[PDB]
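Encoded as structure tokens, the structure appears first; notes follow it.
2 protein chains.
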Amino acid sequence: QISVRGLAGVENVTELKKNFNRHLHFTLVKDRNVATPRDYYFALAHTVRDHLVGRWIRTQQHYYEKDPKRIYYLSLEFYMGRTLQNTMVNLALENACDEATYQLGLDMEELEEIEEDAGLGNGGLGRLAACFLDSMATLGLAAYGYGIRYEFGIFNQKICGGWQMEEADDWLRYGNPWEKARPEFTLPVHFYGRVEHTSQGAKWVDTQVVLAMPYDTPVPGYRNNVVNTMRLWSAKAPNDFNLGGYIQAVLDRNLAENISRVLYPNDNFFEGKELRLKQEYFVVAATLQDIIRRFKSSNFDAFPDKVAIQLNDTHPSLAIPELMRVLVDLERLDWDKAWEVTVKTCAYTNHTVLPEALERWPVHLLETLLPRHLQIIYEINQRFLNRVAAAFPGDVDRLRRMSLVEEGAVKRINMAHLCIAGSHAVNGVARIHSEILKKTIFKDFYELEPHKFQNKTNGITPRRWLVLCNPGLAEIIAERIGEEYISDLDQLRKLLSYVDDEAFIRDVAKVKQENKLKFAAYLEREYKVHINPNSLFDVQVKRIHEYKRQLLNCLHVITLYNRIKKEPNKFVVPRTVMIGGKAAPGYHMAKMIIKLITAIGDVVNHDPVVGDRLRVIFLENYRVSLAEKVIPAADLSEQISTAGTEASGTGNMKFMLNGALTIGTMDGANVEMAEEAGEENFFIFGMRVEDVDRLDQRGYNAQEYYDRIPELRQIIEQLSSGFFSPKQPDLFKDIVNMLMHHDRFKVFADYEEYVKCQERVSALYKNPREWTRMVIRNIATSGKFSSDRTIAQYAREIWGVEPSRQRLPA
Amino acid sequence: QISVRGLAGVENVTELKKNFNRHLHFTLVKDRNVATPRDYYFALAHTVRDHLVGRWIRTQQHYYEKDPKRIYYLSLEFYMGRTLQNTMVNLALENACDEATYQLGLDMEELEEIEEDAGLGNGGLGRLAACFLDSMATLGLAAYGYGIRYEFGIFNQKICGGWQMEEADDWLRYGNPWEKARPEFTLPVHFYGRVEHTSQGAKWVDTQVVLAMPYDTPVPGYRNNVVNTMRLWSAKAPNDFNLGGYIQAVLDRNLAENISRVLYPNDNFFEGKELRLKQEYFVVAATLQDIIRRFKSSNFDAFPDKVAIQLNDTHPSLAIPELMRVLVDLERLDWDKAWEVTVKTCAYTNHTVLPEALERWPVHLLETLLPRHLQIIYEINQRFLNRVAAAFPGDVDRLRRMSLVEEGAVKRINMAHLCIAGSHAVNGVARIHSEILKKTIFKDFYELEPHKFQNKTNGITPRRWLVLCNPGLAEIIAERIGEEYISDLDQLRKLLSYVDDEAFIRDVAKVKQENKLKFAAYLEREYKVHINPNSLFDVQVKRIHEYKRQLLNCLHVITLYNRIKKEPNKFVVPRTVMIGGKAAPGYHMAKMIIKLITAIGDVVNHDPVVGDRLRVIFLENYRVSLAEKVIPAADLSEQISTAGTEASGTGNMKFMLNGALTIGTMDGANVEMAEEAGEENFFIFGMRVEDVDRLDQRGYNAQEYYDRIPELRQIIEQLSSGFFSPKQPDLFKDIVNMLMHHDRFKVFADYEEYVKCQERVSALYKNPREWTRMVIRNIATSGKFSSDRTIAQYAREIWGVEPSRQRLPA
Ligand SMILES: O=C(/C=C/c1ccc(-c2ccccc2)cc1)N[C@@H]1O[C@H](CO)[C@@H](O)[C@H](O)[C@H]1O
Ligand SMILES: O=C(/C=C/c1ccc(-c2ccccc2)cc1)N[C@@H]1O[C@H](CO)[C@@H](O)[C@H](O)[C@H]1O
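Top line first, the protein sequences correspond to chains A and A'. A prime marks a further copy of an entry chain.
When you line the first sequence up against PDB author numbering, it's residues 12 to 254, 260 to 314, 325 to 836, in that order.
When you line the second sequence up against PDB author numbering, it's residues 12 to 254, 260 to 314, 325 to 836, in that order.
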């Protein structure tokens, strides 16, 4: 049908058809009288997977022969979503499979909806890891992603009575056709025990053993025949473990296997729980044995020429002392040589500045669980502080500020300090964030070792986030400029020379309109909710946090409703305001915010005076597959974190590539997006970081804003008095109380400017031609935000390897 | 190579070769530079499995069209062993696969050794269920086996320092290529809760839900293209289950899933544990919903014309009140109609007379776990006792003896009484056992309803237990009489006309000798133990229990050793005495017996005066795959249970078919085996049941035997004084104490007769020609003990269906 979806050759279609039927018969053990749509999904997935395996085997054989430097990307999260369509896109099989399935009497899009998301992440950090694997394969890098195969990923969110309920994401129930278990590469991981000192060094003894069993998933590059590996570890008990007496010993195997059972869902709070520490060590210990095994199967001097380890946040920070443990205790290298190798091998990426998100593990936990690692960490700390003392003699406060060990009620290890000390490179994830790291939280470290600190601005993969989710847009672009932009996104700049082309203008606008009609239909079908597709689609989707300021959005919504009720017969640009995202199960304020959003909906959506001029919908169970549907349909992207709090953002980039305009603060990557597009083509408002700092020095007093802005006061009274919760008038007192007396994120301070900026958005939307021309200018300048650019910078400036765009042979 | 292994056609071999390579590449994702023998095993298994699926689908389609009466065989145990070779045998593929693998440079026998046993049973009862599925498929019956998919089967036994150690049988670690998960047929099972009475009957409410997920395994008939199904249920938690708070609720899913985690290993003790009761209900509740679903998908009057349920012991006895619950509570049939349907549908097989093996569940357990079932059981009991009262008025002791409810300290339900009341047929498993049921333990029930009581003498499948494990023997037989005996074992009688044929005599003896050389080699390779293959192979393999009298065997062994030490230069027929079997983890005396056997070995095997005239070996980890190796190699089968204690035995039959002579008591099926072969061709000794009864009336006094038999006294002194345990002289005091003062199984009373009978065995073994002629007479009369005869009798006399030997089309 559409050109970017590839060829539908007679030979190809015929062969796909017979392989589909083979799998249905031999693999699924069904015939067509009993097969359900789920059976048909699986037959398709196995058919497509078969096309991967030859390339997968020859890619890994290629790396064995050429022995390139290998990149190991360590992450506790890989937020992959669905795999079927992505695989078809990257292998150029989408149209052939569409034809083959059509001829079998089946609708491929319907089969695609059956696949479960691989929801092995919380949000931004997890999805970045996924985008990165796609780009590393596409750029021909010999890269491996290593993590944990959680039996249960991020919980499925149900809304009951306006409240979030969590249920288990049993994503493996029907089986996962993409993974291959590799029980033959199982490895032991040690916990607890104690340290003995001998003449021939330290020995870690009397440990409990848990086994790490790997499962490999293929990661295909875009049409280059490269297929890389994501290896996820699963926890297994040894067979003499514990060995009711007998029955109970068998049942207690669960204790060990609980390590890989569930993803921690609390993504900007740190909870120092033992089970999470076990997960962190488990991934690190198994991965490093795997790395070393592969290195020996080609003298540790050359280890950093053959190995790069990238730490995604501090979550795998124990790689540093584990590498030291292996090198010193097992391989018998002297300390200084081992340290040199470790530093040259490891690099650390930081993803936040909020102090409550930093990992600080209690010493008593490490002491019991990982006694040898604690000793190594103390030794690292001592030698590190000796260097600080020599560089800044007499500066005793610097010594206590830079220490890896934090003193206090409970002593803790600062894992961020450990990562800086033991890495040759440290990067933030957007320019403003990387500057903040150097100026504030890691200032002392930057003065000691300025050469370590870098920026690598985040990106997204244009395969999933344009070709896959928005084929209509990818096609009209391809018509004008060809297909090469899909792996070289900077070529979208050529679209500037069509900003005055009346045909293109009409087509960009038509694609958006079709995407919106499609999504409005999805809403009615799967959620019995009825929206006006001529309204402006105003969308804020991301995890629920106070710093992301969903509450500021809420205040605007209520202002609109109040203005309509005041002058009901005045014209306003109609809006559908959509907000979605998950709240961490323990985060009370985030749960109250969800309830507020649904409560506003209850009032606004049933007020006959409003009509269909304003609708407020809470988008349930936001996740990767829902993002792929809502983002192509959006007109306005809400990116409104308090300046200095969102390290980068990546949702922002998705919306820009897909033809929405952005209203946002000068925070994270928003700054670079506005710089690329031009500030005239962005709806920027609010305090900059400098303004927030000045307000903090003075003291933030929310009462001042309440006293001087009558529209704001009216909303606060409505919240307080039970306007949005008639049967429980005090339901939202916690929210009011927070806003009035302890708002760390200064919601009121940006209110006026935000409401004014929103009026300008509405004004532009009334002129469809100029809206669409501004959109073209955004899409055209979105090229910098491809993850291929990001990974190319990691490769050259951190890992010391050259990317390659050349096909491997098929 | 050998004819019974089928054709090796050029077309077949070529096609197997390419399918093997396909699976290695696409299924296992390997190439031949990295493949291990385990990879090659899996490629073979998938290749053979492909040949099943077409027949499996068309068999089940055939049953849908013809709608025959369906047989449901309910068992908590299915002791299947390995599947690969059995599948090849039954499909006539063994020689083709042997050729195909040879041409690929691989040894098929070596690949066969990689497969794990499916050890989902303890011993006799579990293996009977397995033999039965094979025979039901071979006889064209529309039969389904239903049980539990235990994650851990019977423990692997290691011997450390002469002691049994148990380790977990993690049989699914590498995956099971034979099963197909069917998550789409998942069913809810209810526990706990309470009963509400309404106007419209009782309702069971506030229950906890566990999900039952089925896994289907194919059961192929012998060369008839029938493939039946064994459906095993796996326990899964629902996704709102419980829903740390969040983390802990996810981890607590283990509680529900523990139902299918592990097989109870205690096979002639009853332990009233809650987890076992959950297993019993779980299998019954899921199975019955499945049965009813299938019945509706063609008025419950016709239910018993379309459904037979066979209860393998009392373990699935809750089928009776569950069927009543469904019919009365959910389908709204009146009680009397429901009861009629239930009785006509269910039949019960009893497997023992030992009182400590009978299931008697505490009322308080049923009360909490299954409150509605308890009510139904009380109601059944009340109506049943009203019938007893009417038939035997005034007989008040009969009323208390026959009651399903046992009074006492704790009230219990007698599940055997429940099964008799609710079944139209009750059978024992050998003639003597079935007579004992009528005369003693179920006398009262037989007087009330004599028509219910039947005999069905056990059997074994000649596919696994001759063709598969002893191809050499199957071939020399086939040469003389053709192949038809494999599915009509009575044809072995034709071998009587070769008892004087000198060629046949030499061939029978040569096959035994080759089997023995092969096993002696297996011993050295896998266990560093060196035996003389010219000795008589004296074998006792079965679970370790006092009633099976491994101790009597021990006493004989020590007598032989003592006679040699007394007259060392006298000639004796050399022996290798092999004893093997698992002890239940809690059964202290059984564990002491294993230690005694190894201790005797320690002394006997290293005494230079004995030389290689006597060896005592404990066969470690006895299980189905080990039986297949040792049984073909045996000369003498030890079947020496105290008369009246072994209900049937089936090991006995295996040895008879494979060319060993039997020394045994007149117990279980030994009686019928001697009757078939002729008592002159059997080494019978010891008390009969009548003699045991007379001794009990008088009072068994072991001291009398010790006082009158000097050779026995010497052994007891040796045990007592530390002869077999020098460093711990009192190690075996418990054993001596038991033998002298509370031996329920009268070991001393059969000692003299046993030792004398053993001398006659030795005398015959000195004349190789006459030994072999007696063997021929055993093999020739083993036909009655085919499980095809057994199942044909169940089919006609219990289930009301005709067996069929006709091929389905391929
Ligand atoms: O998603 C995250 C952080 C997730 C996270 C997840 C888990 C944990 C955690 C740590 C310890 C124990 C339990 C949970 C801590 C943090 N950060 C986002 O990373 C994106 C990619 O760089 C940025 O675009 C966002 O600005 C940043 O907030
Ligand atoms: O194997 C068994 C009994 C096994 C068994 C297994 C499990 C349990 C059990 C029951 C409740 C709770 C836990 C365990 C009770 C008994 N019996 C043998 O059955 C054979 C087949 O009929 C006969 O040949 C043997 O004579 C008989 O002992």
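Beta carbons: idealized from backbone N, C-alpha and C, even for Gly.
Cβ pair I507 (chain A'), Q517 (chain A') closer than 8 angstroms: A Cβ-Cβ contact shorter than 8 angstroms links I507 (chain A') with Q517 (chain A').
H73 (chain A'), DSSP secondary structure in three states: In the structure shown, the three-state DSSP call for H73 (chain A') is helix.
C-beta neighbour in chain A' for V278 (chain A), strict 8 angstroms: A Cβ of chain A' is located within less than 8 angstroms of the beta carbon of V278 (chain A).
C-alpha gap between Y404 (chain A) and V431 (chain A), whole angstroms: Looking at the backbone, the Cα of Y404 (chain A) and that of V431 (chain A) are separated by about 8 angstroms.
Closer than 7 angstroms: residue 321 (chain A') CB and nearest ligand 2 heavy atom: Since the model of chain A' passes from 314 to 325 in one step, residue 321 (chain A') is not part of what is shown.
Cβ-heavy atom distance, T94 (chain A) to ligand 2, below 7 angstroms: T94 (chain A) Cβ: outside cutoff for every heavy atom of ligand 2.
Cα-Cα separation, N412 (chain A) to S788 (chain A): C-alpha separation (whole angstroms): 60 angstroms.
Coil, strand or helix - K542 (chain A) by DSSP: In this structure, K542 (chain A) counts as helix in the three-state DSSP scheme.
Test: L652 (chain A') CB closer than 8 angstroms to a CB of chain A: With respect to chain A, the C-beta atom of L652 (chain A') has no partner C-beta closer than 8 angstroms.
Simplified DSSP assignment, three categories, for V352 (chain A): DSSP, reduced to helix, strand and coil, places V352 (chain A) within a helical segment of the structure shown.
Range covered by the beta strand (DSSP E) that runs through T688 (chain A): Unbroken beta strand (DSSP E) run through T688 (chain A): 687–690.
Sequence-distant residues of its chain with Cβ nearer than 8 angstroms to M618 (chain A) (five each side left out): Excluding residues within five positions, the ones whose Cβ falls inside 8 angstroms are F758, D760, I761.
Beta-carbon separation (whole angstroms), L304 (chain A') vs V367 (chain A'), contact threshold 8 angstroms: The pair is not a contact, with the Cβ atoms about 12 angstroms apart (cut-off 8 angstroms).
Range covered by the alpha helix (DSSP H) that runs through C580 (chain A): Where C580 (chain A) is concerned, the enclosing alpha helix (DSSP H) stretches over 576–592.
8 angstroms Cβ cut-off: residues of chain A' touching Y262 (chain A): In chain order: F166, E177, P281, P611, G612.
Chain A contact for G186 (chain A') (CB, 8 angstroms cutoff): It does: the Cβ of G186 (chain A') has a partner Cβ on chain A nearer than 8 angstroms.
Continuous alpha helix (DSSP H) stretch holding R193 (chain A'): start and end: Looking at the DSSP string, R193 (chain A') is not in any alpha helix (DSSP H), and its letter there is neither H nor E.
Own chain, CB closer than 6 angstroms to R277 (chain A), minus 5 neighbours either side, in chain order: Close CB contacts of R277 (chain A) within its chain, under the 6 angstroms cut and outside five residues either way in sequence, are with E162 (chain order).
Closer than 8 angstroms to chain A by CB, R49 (chain A'): Cβ-Cβ to chain A under 8 angstroms: yes for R49 (chain A').
Contact test: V567 (chain A) Cβ vs ligand 1 heavy atom, cutoff 7 angstroms: Answer for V567 (chain A): no, Cβ out of range of ligand 1.
Contacts of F749 (chain A') in chain A (Cβ-Cβ under 9 angstroms): None at all; the shortest Cβ gap to chain A is about 32 angstroms.
Touch test, the region 129–138 of chain A' against the region 81–95 of chain A', Cβ-Cβ under 8 angstroms, three pairs minimum: The region 129–138 of chain A' makes contact with the region 81–95 of chain A', as at least three CB pairs between them are under 8 angstroms.
DSSP-derived helix/strand/coil call for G158 (chain A'): Annotated three-state conformation of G158 (chain A') is strand, per DSSP.
Sequence-distant residues of the same chain with beta carbon closer than 6 angstroms to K538 (chain A'), five excluded per side: When the five nearest sequence neighbours on each side are left out, the beta carbons in the same chain lying within less than 6 angstroms of the beta carbon of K538 (chain A') are those of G685, in order along the chain.
Min CB distance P79 (chain A') to chain A below 8 angstroms: Closer than 8 angstroms: no.
Spatial distance of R292 (chain A) from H443 (chain A) (CA atoms): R292 (chain A) and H443 (chain A) have their alpha carbons spaced roughly 19 angstroms apart.
Validate contact between the region 93–107 of chain A and the region 47–60 of chain A using beta carbons, cut 8 angstroms, 3 pairs: Yes, since at least three Cβ pairs between the region 93–107 of chain A and the region 47–60 of chain A fall closer than 8 angstroms, the two stretches touch.
Closer than 7 angstroms: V64 (chain A') CB and nearest ligand 1 heavy atom: Not so, every heavy atom of ligand 1 lies at least 7 angstroms from the Cβ.
Below-8 angstroms beta-carbon distance, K621 (chain A') vs any chain A residue: Taking Cβ atoms only, chain A never reaches closer than 8 angstroms to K621 (chain A'), which makes this a no.
heavy atom of ligand 1 below 7 angstroms from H377 (chain A) C-beta: For ligand 1, at least one heavy atom lies less than 7 angstroms from the Cβ of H377 (chain A).
Assigned exposure category for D693 (chain A) - 16 Cβ within 10 Å defines buried: The residue is buried, with at least 16 neighbouring Cβ atoms inside 10 Å.
heavy atom of ligand 1 below 7 angstroms from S674 (chain A) C-beta: Distances between the C-beta of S674 (chain A) and the heavy atoms of ligand 1 include at least one below 7 angstroms.
Residues within the region 188–205 of chain A' neighbouring chain A, beta-carbon criterion of under 8 angstroms: Contact annotation: in the region 188–205 of chain A', residues whose CB is within less than 8 angstroms of a CB in chain A are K191, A192, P194, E195.
For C580 (chain A') and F597 (chain A'), the rounded distance between their alpha carbons: Answer to the nearest angstrom: the Cα atoms are 21 angstroms apart.
Through-space distance from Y511 (chain A) to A328 (chain A), alpha-carbon basis: Computed Cα separation, rounded: 38 angstroms.
Option nearest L549 (chain A') by Cα separation, candidates A':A415, A':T602, A':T483: The option with the nearest alpha carbon to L549 (chain A') is A':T602.
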